[PDB]
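Q: So that we are looking at the same thing, I have put the structure below in structure tokens.
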Amino acid sequence: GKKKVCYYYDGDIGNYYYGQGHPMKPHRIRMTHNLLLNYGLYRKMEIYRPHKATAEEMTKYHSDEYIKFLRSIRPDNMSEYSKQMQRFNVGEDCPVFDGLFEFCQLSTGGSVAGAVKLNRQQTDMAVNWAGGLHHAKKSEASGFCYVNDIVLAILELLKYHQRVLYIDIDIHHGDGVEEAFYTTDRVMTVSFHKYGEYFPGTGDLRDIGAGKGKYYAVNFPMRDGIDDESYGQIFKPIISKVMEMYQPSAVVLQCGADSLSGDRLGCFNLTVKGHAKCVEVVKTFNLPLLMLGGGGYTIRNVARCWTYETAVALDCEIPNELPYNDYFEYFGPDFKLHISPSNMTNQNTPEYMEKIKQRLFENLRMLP
Ligand SMILES: CN1CC(C(=O)N[C@@H](CCCCCC(O)(O)c2ccon2)c2nc(-c3ccccc3F)c[nH]2)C1
Ligand SMILES: [Ca+2]
Ligand SMILES: [Ca+2]
Ligand SMILES: [Zn+2]
């Protein structure tokens with residue numbers, strides 16, 4: 001039936017700034033929070049302020065040298081770290097900004113705290129819209145991500161769960177999470193993403209894991225313009241087959257909103273309803289679930305998406321007319337929650353979708 005939802009948020013998160021011209025805007029987390037507060041969704045969930053994750057918590061995955069660098073570098077001392085900046089990929093995509101380490105601590109704190117709550121069986125769902133930074137690697141920042149909160153949260157879940165399923169619906173391949181667990185069967189990673197002349201360049205259909213992890217990495221490569229109809233007809237059948245064969249005891253879902261129509265960096269054509277249908281599909285399996293954020297660069301649509309997905313988690317119907325809120329003017333000219341798809345061509349033909357789904361089903365038949 002209806003589930004208990006715990007939500008993690010720190011009011012300072014919206015003040016972190018990646019810099020002029022950088023598309024990653026932490027302010028979108030504050031817009032999401034304010035919109036869900038104005039819809040009255042706070043009366044239905046337990047709201048928690050995550051602790052600032054320690055460097056020691058982060059080193060459960062990341063190297064000590066990389067975390068020490070993140071905790072030390074500042075815009076005023078960057079000139080003394082030119083060597084380490086190259087080594088750790090700190091630059092254009094992952095710039096040094098004021099409070100960078102504290103931003104990593106809050107993003108990570110929400111994911112790990114949510115995983116602990118799920119482990120203690122004190123909640124059915126835990127939500128951290130500030131997390132989902134799937135590109136960060138053991139000793140390298142990548143794609144606007146510095147600390148991989150998802151990997152840290154999964155390591156926490158693995159303390160009480162034999163098998164953990166990770167699903168990633170961001171438009172970009174979830175490479176950091178896939179790499180972290182590539183040789184183990186204790187985590188199955190499933191990523192649906194744009195593939196072909198697109199960042200990060202990984203996530204081919206043929207990347208299926210290695211060693212004990214062979215068949216435990218799943219990648220569904222897509223072309224521009226995927227719509228609600230096309231995405232919906234492959235998502236439920238794939239997730240149902242993965243649940244059947246893998247039988248996970250906990251799930252982590254990365255809800256990157258850059259797969260929505262009109263995203264500044266994305267080229268997909270999903271509506272908020274089409275994106276949220278993924279949450280409905282996963283939630284239906286009644287397993288402990290950690291829901292995380294990720295990309296999303298047309299910030300009014302990110303706030304709509306994550307507000308609607310929080311309502312989906314709560315089994316709460318909310319009106320299409322937006323309530324008045326601190327950022328009301330950002331939602332013009334319509335001031336509605338739901339969005340319309342564009343007229344862009346869907347390059348994912350029905351035959352291509354079925355063919356890729358059948359290739360993934362062949363790989364899923366290889367599980368024990
Ligand atoms: C060396 N060249 C730059 C590399 C590249 O194409 N980078 C992507 C990175 C896109 C990252 C997407 C992140 C994500 O949405 O998956 C995400 C965000 C949080 O968690 N996951 C990118 N950077 C930008 C960008 C960076 C700084 C300033 C302006 C920009 F447009 C746009 N797209 C190649
Ligand atoms: Ca993905
Ligand atoms: Ca794996
Ligand atoms: Zn993305």
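Letters A, B, ... go to the chains of the structure tokens in the order shown; residues in each chain start at 1; ligands are counted from 1 in the same order.
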Tell me, counting only C-alpha atoms, for each residue of segment 62-156 of chain A within 12 Å of segment 300-309 of chain A, which pair of atoms is nearest and how far apart they are in Å to one decimal, in rows ordered by chain and increasing number, as CSV.
A:
residue,atom,partner,partner_atom,distance
A:125,CA,A:309,CA,12.0
A:127,CA,A:309,CA,9.9
A:128,CA,A:306,CA,10.2
A:129,CA,A:306,CA,7.5
A:130,CA,A:306,CA,10.9
Q: List all protein, DNA and RNA residues that have at least one atom no more than 6 Å from any atom of ligand 1, counting only C-alpha atoms and all ligand atoms, and write them as a PyMOL selection string.
A: chain A and resi 21-23+92-93+132-134+143-145+172+199+294-295
Q: Check which residues fall inside 7 Å of ligand 3 when counting only C-alpha atoms and all ligand atoms, and print them as a compact mmCIF listing (two decimals) with N, CA and C atoms, in the first residue's frame.
A:
# COMPACT_ATOMS: atom_id res chain seq x y z
N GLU A 178 28.76 2.29 -12.34
CA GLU A 178 28.99 1.04 -13.07
C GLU A 178 30.43 0.57 -12.86
N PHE A 181 31.31 -1.05 -9.29
CA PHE A 181 30.82 -2.41 -9.03
C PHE A 181 30.94 -3.36 -10.24
N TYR A 182 31.74 -2.98 -11.23
CA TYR A 182 31.84 -3.74 -12.47
C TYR A 182 32.21 -5.21 -12.31
N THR A 183 33.01 -5.56 -11.28
CA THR A 183 33.45 -6.95 -11.12
C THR A 183 32.77 -7.70 -9.97
N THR A 184 31.63 -7.18 -9.47
CA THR A 184 30.89 -7.88 -8.43
C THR A 184 29.46 -8.19 -8.86
N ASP A 185 28.91 -9.27 -8.30
CA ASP A 185 27.53 -9.64 -8.54
C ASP A 185 26.58 -9.16 -7.41
N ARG A 186 27.14 -8.49 -6.38
CA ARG A 186 26.37 -7.96 -5.26
C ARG A 186 25.59 -6.68 -5.59
N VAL A 187 25.91 -6.06 -6.73
CA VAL A 187 25.19 -4.89 -7.21
C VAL A 187 24.93 -5.10 -8.69
N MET A 188 23.69 -4.87 -9.15
CA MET A 188 23.42 -4.92 -10.58
C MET A 188 23.19 -3.45 -10.95
N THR A 189 23.88 -2.93 -11.97
CA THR A 189 23.69 -1.54 -12.38
C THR A 189 22.96 -1.53 -13.71
N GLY A 209 29.70 -6.08 -17.79
CA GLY A 209 30.38 -6.52 -16.57
C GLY A 209 31.56 -7.42 -16.86
N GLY A 213 31.22 -10.15 -11.98
CA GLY A 213 30.22 -9.17 -12.38
C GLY A 213 29.69 -9.35 -13.80
N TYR A 216 26.06 -8.53 -14.80
CA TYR A 216 25.48 -7.70 -13.73
C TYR A 216 25.56 -6.20 -14.01
N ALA A 217 25.92 -5.81 -15.24
CA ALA A 217 25.89 -4.43 -15.68
C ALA A 217 25.00 -4.47 -16.93
Q: Distance limit 9 Å, reference ligand 4, atoms considered: only C-alpha atoms and all ligand atoms. Which residues make the cut? Give them as a list in words.
A: residues 134, 143, 169, 170, 171, 172, 173, 174, 193, 199, 256, 257, 258, 259, 265, 266, 294, 295, 296 and 297 of chain A
Q: So what do you get for atom CA of residue 59 of chain A versus atom CA of residue 167 of chain A, distance-wise?
A: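 According to the coordinates, atom CA of residue 59 of chain A and atom CA of residue 167 of chain A are separated by 23.6 Å.
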Q: Let me make sure I understand: among A:319, A:94, A:365, A:346, which one has the smallest atom-to-atom distance to residue 36 of chain A if we use only C-alpha atoms?
A: A:319
Q: Give the strand (DSSP E or B) residues of segment 220-296 of chain A, as assigned by DSSP on the backbone, as a VMD selection string.
A: chain A and resid 220 to 222 250 to 254 260 270 289 to 292
